[PDB]
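>
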Amino acid sequence: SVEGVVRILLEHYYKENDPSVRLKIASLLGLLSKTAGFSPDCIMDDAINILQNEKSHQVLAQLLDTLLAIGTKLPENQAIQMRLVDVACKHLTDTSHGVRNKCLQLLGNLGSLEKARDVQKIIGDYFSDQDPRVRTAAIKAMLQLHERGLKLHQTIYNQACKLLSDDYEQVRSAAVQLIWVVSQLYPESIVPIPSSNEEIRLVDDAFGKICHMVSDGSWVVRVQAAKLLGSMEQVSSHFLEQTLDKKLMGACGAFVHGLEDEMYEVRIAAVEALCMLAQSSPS
Amino acid sequence: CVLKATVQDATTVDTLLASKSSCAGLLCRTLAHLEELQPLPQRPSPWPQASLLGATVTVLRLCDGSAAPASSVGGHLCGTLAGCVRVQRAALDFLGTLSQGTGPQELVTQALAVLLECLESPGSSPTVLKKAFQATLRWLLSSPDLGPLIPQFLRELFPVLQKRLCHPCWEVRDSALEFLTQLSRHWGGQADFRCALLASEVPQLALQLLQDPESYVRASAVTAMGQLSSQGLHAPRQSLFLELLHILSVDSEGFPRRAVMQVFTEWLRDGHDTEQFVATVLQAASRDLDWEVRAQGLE
Amino acid sequence: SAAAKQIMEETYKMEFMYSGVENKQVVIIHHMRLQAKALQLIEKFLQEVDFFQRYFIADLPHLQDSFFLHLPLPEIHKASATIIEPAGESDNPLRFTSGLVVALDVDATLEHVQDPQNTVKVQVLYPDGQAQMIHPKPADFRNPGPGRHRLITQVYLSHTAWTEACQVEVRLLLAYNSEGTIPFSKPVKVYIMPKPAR
Amino acid sequence: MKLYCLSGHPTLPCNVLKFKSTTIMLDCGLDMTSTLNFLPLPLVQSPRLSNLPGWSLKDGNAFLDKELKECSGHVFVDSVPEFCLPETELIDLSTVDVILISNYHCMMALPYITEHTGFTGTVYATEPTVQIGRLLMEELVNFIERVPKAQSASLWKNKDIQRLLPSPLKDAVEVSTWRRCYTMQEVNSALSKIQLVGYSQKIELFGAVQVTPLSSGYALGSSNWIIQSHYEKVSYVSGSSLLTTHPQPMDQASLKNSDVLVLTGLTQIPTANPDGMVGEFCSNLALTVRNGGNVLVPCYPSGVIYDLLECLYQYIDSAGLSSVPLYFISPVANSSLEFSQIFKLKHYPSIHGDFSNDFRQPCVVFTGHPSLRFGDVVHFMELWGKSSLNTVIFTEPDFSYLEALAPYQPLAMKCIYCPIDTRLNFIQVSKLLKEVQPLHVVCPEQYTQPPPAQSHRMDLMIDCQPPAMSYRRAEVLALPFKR
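Below, the structure written as structure tokens:
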């Protein structure tokens, strides 16, 4: 008796005008959507009809949440996924931040793994959005997309590096994670330091950037970077040994600045990184 | 009027629902008047006693906070008079004025069944327990050996005379001892009352109070233990005489000395070695500096 | 009759207390368990052999002529427990008062145990006959190195009123769920001495 | 503007204030009376409770004879005490951006919220409240996990079977979201996210909202929040006291011009005089110490105890009680007394070790958690539960005392009940409302209707005009303001 009561409650939502009661009904729909063995795909069109004329904010948020929940339930029906991508890009421009969070999560979990719009660039445009929470969710969606198996492009590093000087907390950790993964993608590429005429491997740039990032005034990001340095093997050894010259005191001398930082947690993370990078290179 | 607002003209009930000041004032004035009238011979006829007592116990219990309203006026009244003093105090004064009123033991037990409740009621000021004890005494001393309910009520009461005897405010620590003394003077030859008392643990606390800091406590404690040990109700006589003479020889106040001399007068007058006793009290009451003590010594 | 129970316990020890068993060894030991249950029989047997058949659909072409069955010796370490602190040999007992707790610090190393956080318990025996089975918390199993683990924990000794100084038993146990307990450490007797309170 | 009220409890508040941009979480708390349906966690094997008659179902379709036990007319679940929790279904707990805090007695549920489900914000709290909160969470994690009893009980948890078990268990609510306690590393990492804030220290939020605490006089650092904007002002005042205790007395004048006064955390004993009940406490302690017997006074190792002790001190010199030690047994004693001092009683870390060499009877022993279900109080309540001389004296309104005392019946010790609640009572809150003149009021359903036990009274309902909108457990109210 799923579709019957669902249609009754939708006719209620149509006639009920109070947004709080509407959200109650929407939460009921979201909780009933998880019936294993039921076909709520018959109701996806109706959900799109609901979102095509909304005036509130949270309603679209949890509705696209249900749409993402059901899309994750049948990820093989690529037509449904393309329809979801379409309605999301339709709703991506919305002014509210929660709905944008939901659409970016939908794109991250339901992006096209084939190399027909460039969802990568559409999402990447949002590293310059106003509310930093939107940028946080954007980087999280980038991570989700990559971890599903899609190989990413080179430019993401060059766009993310700009966020390294931002004045917010989670954004910097997400940026360091993005640099880490994208450099694990394109390590050996040659990038020139714009401060001189020298050209070093992109892995070396990533390493030096993370080292300097460890010198941030926040400790969460320091833990994050100290840990993420742990598995960076292919970086050239001379840079590494330069990262312990205590005499040079941020791309170098990071380990010394860490192993005596205030909060012992970053110290421990630096110990782990030293252990790994020493197991890899005996000198 | 109130007893049409509980479970057994509107001019007065108007002011009864105006505020907490006006209602308390009206009820206090009415109880003050209605008790000022009782001891008079020109009293009306027939002087009601059932209705009066019923209304009074209802008012007292209501003020304690455990009545049972039966209408809007009863509800709002229980919600305005709850936890007052003036009403409760004057109500105890009336309900204790009702001793000259003759009648069966039914009324006596009706009134004790609320006074016992008003004694062991948490949230009861020290200016309430005193009048409560006075009223309980006048009630317990007017019941026509003893009766079928006296021991029951005493068993239910002494576990309240054992708590309010250690209240943390010396007013109660004195009123309780005074009430115990009134009993020990009115009920010294009733072996059933003595069963009730010795079975309780009152004297094992009075015997310890004589070291309380605040002087008046020591004074009333000495006079209580005096009017007690003239009966043979000692807690589990010399082991009190030594305590007395010690309080008399050195101490930091007057009241205990001038009260222990009164107690010694009581003993020597009643008949409770006598030469050496008078010597060891006189030769250590003379060199005392206060005047009341030397006066009572001459007495 | 008790020889069947001994078979069961030896199969239990070969299953759980050991490390590095392969599916072949599991087939063999479950076959021994089937033999043990069939022999202790002299209703549930049919359901249990059905369960055996369902979980062992692959070994059936390999258990030809079963109820001798070859046991391959794979490549292996027998786990054990070494109760150290305290020794208990000290004539100086542990003092306690007339009805109250008393703390006992157990400090014992384990070697080549398979994830001790779950399968280890401490058992306390009073000479009367009761048994306290204290499961130890997660964060009390320290990790000093490969194959070696350290267990430092607190055990609360008391009971109803005690008259004279006596002995109590504290030992280790390996708990398994196939529901059962295997004793694999030499027990330690601790001497407790009374002194009624002031 | 929206108000997702989660915790239906009346004095352990929690509610998600959803705003224009941010979604703040005013004072997520932890309902803790759920531990009353479960058996205790005694230190040593308790011979009376290990051999209780295993209660049996009338039909016996299942083997419930191992889960539920019967004692003197009440049947209990046998497990670890599975605490209650704020519903985690209405709003996803990741959208929350900032979690404020009022005072320690309401923060016991931060580990459940900001560690298990992916929370991304940063919580604010004054300094004394974060200290005492660390202390309380420490005693909890150290009490539940000293003799773990992880053997669970799951058959009873279904709705169908639940509807066939009598009271008190049929009275349980939302039995599907009950959890075992959290662990040490969890709370230690969770409290790291704290960012201390002083009084009147204006804090901004995304160029959109502004928050600021004010001293509230309930306890050290206890605070009433103010969450205002360019067009709206919400004045959270949760559990304030106007009786002038040690804390800096509240600022009842800053809350004017407000738009929504989410008033929560009022008294639970409306018909109880605090001063009189403290007098009763001292009275009973003296009555059962001056005859030989002991006394066992459960109380949290913070808060009202610092009130209580103080009075007891003023009682020690006004009744001559010099010859009776006064203990404090809890694994957070030292830091507790230090944080009471730097902002006769012989405190001890734990009943095992040093304490067993200072035991002189008679005595007085304040102890661990006051729901008579774990900590140390269980051990004494199994030691003194047989002598009609001894005495327990409850001084905590949180856990209803009847069922609490129940699973140690039949007991022959007295059990006084004199609760000390320094919180705002109803006449005072009526005066406070008429003074502050809030434009609206939001109070749990336990208030706008008179209490259940005393249905005839009509004066302990919070009287305010316009009528006070109320909320029920896990509801989503709309404060009817239009921009």
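Protein chains in written order, with UniProt numbering: chain A, 68 to 182, 193 to 326, 374 to 407; chain B, 326 to 333, 347 to 482, 489 to 580, 589 to 624, 630 to 656; chain C, 694 to 735, 752 to 776, 808 to 815, 817 to 919, 943 to 962; chain D, 1 to 343, 372 to 511. Note that beta-carbon positions come from the ideal geometry of N, C-alpha and C, so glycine has one too.
#1: Using Cβ-Cβ distances below 7 Å, what residues of the region 642-655 of chain B are close to chain D?
#2: Helix, strand or coil for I267/A? Go by DSSP, reduced to three states.
#3: Measuring only from the beta carbon, is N15/D closer than 8 Å to any heavy atom that is part of the ligand NAP?
#4: Between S322/D, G293/D, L263/D, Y429/D, which has its C-alpha nearest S458/D's C-alpha?
#5: Between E186/D and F143/D, what straight-line distance do the alpha-carbon atoms span, to the nearest angstrom?
#6: Assess contact between the region 759-774 of chain C and the region 694-707 of chain C, defined as three or more Cβ pairs (one per stretch) separated by less than 8 Å. Is contact present?
#7: Is it true that the CB of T126/D sits closer than 9 Å to the CB of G221/D?
#8: What are the boundary residues of the beta strand (DSSP E) that includes residue 347/D?
#9: Between the C-alpha atoms of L851/C and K953/C, what's the straight-line distance to the nearest angstrom?
#10: Expressed to the nearest angstrom, what Euclidean distance is found between the alpha-carbon atoms of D774/C and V758/C?
#11: Whose CA, out of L68/D, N51/D, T88/D, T245/D, lies closest to the CA of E174/D?
#12: Looking at the structure shown, is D259/D part of a helix, part of a strand, or coil, going by DSSP?
#13: Would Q195/D be called buried (16 or more neighbouring beta carbons within 10 Å of its own) or exposed?
#14: Which bits of chain D does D556/B rub up against, with CB to CB less than 9 Å?
#15: Are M137/D and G29/D touching if we call contact CB-CB under 9 Å?
#16: Evaluate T102/A with the Cβ neighbour count: other Cβ atoms within 10 Å of its Cβ, from every protein chain shown; 16 or more gives buried, anything less gives exposed.
#17: Along the alpha helix (DSSP H) that carries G417/B, what are the first and last residues, could you check?
#18: Measuring only the C-alpha atoms, how far is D259/D from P466/D?
#19: Rounded to whole angstroms, what is the Cα-Cα separation between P958/C and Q389/D?
#20: Can you list, in chain order, the residues of its chain whose CB lies under 7 Å from that of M613/B, leaving out five sequence neighbours each side?
#21: Counting only beta-carbon atoms, is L505/D nearer than 9 Å to chain A?
#22: Could you spell out the range, first to last residue, of the alpha helix (DSSP H) harbouring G886/C?
#23: Of the choices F83/D, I455/D, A286/D, whose alpha-carbon is the least far from that of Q548/B?
#24: Give, in chain order, every unbroken run of the alpha helix (DSSP H) that is at least 4 residues long and sits entirely within the UniProt repeat "HEAT 4" (229-263) of chain A.
#25: How many Å lie between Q426/B and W514/B at the Cα?
#26: Select from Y218/D, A219/D, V237/D, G217/D the residue whose C-alpha is nearest the C-alpha of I226/D.
#27: In terms of alpha-carbon separation, which member of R883/C, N833/C, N918/C, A916/C lies closest to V847/C?
#28: Using a Cβ-Cβ cut-off of less than 9 Å, list which residues of the region 287-300 of chain D approach chain B; keep chain order.
#29: Any Cβ of chain D within less than 9 Å of the Cβ of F709/C?
#30: Using the C-alpha atoms, what's the distance from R290/D back to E82/D?
#31: Between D78/D and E67/D, which are expected to be in contact by the criterion C-beta below 8 Å, what is the C-beta distance as a whole number of angstroms?
#32: Which chain F residues are close to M441/D, counting only those with a beta carbon under 7 Å from its beta carbon?
#33: Three or more C-beta pairs under 8 Å: does that hold for the region 390-400 of chain D against the region 242-255 of chain D?
#34: Looking only at its own chain, which residues have a Cβ that is under 6 Å from the Cβ of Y445/D, when we skip the five neighbours before and after it?
#35: Can you give me the C-alpha to C-alpha distance between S102/D and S163/A, rounded to a whole angstrom?
#36: If I measure Cβ to Cβ from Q437/D and keep anything under 7 Å in the same chain, skipping five residues before and after, which residues do I get?
Straight from the coordinates:
#1: none
#2: Of the three classes helix, strand and coil, the one that applies to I267/A here is strand, per DSSP.
#3: This structure does not include the ligand NAP; it has no bound ligands of any sort.
#4: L263/D
#5: Going from the Cα of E186/D to the Cα of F143/D covers about 16 Å.
#6: no
#7: Their beta carbons are under 9 Å apart, which means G221/D touches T126/D by this criterion.
#8: Between 343 and 372 in chain D the model has nothing, and residue 347/D is one of the residues in that span.
#9: 19 Å
#10: 16 Å
#11: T88/D
#12: coil
#13: exposed
#14: In chain order: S318, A319, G320.
#15: no
#16: Classification of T102/A: exposed, given that the 10 Å Cβ count is below 16.
#17: Note, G417/B: alpha helix (DSSP H), 410-419.
#18: 6 Å
#19: If you take the alpha carbons of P958/C and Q389/D, they lie about 17 Å apart.
#20: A642, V650, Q653, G654
#21: yes
#22: No alpha helix (DSSP H) holds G886/C; the beta strand (DSSP E) holding it covers 882-886.
#23: Ranking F83/D, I455/D, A286/D by Cα distance to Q548/B puts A286/D first.
#24: Correct list: 232-237, 246-262.
#25: 21 Å
#26: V237/D
#27: In this structure, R883/C is the residue among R883/C, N833/C, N918/C, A916/C with its C-alpha nearest to the C-alpha of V847/C.
#28: Per Cβ criterion, the list reads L287, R290, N291.
#29: No, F709/C lies away from the interface with chain D (no Cβ there is under 9 Å from its Cβ).
#30: 40 Å
#31: 6 Å
#32: This model lacks chain F altogether, as its protein chains are A, B, C and D.
#33: no
#34: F422, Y429
#35: 30 Å
#36: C71, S72
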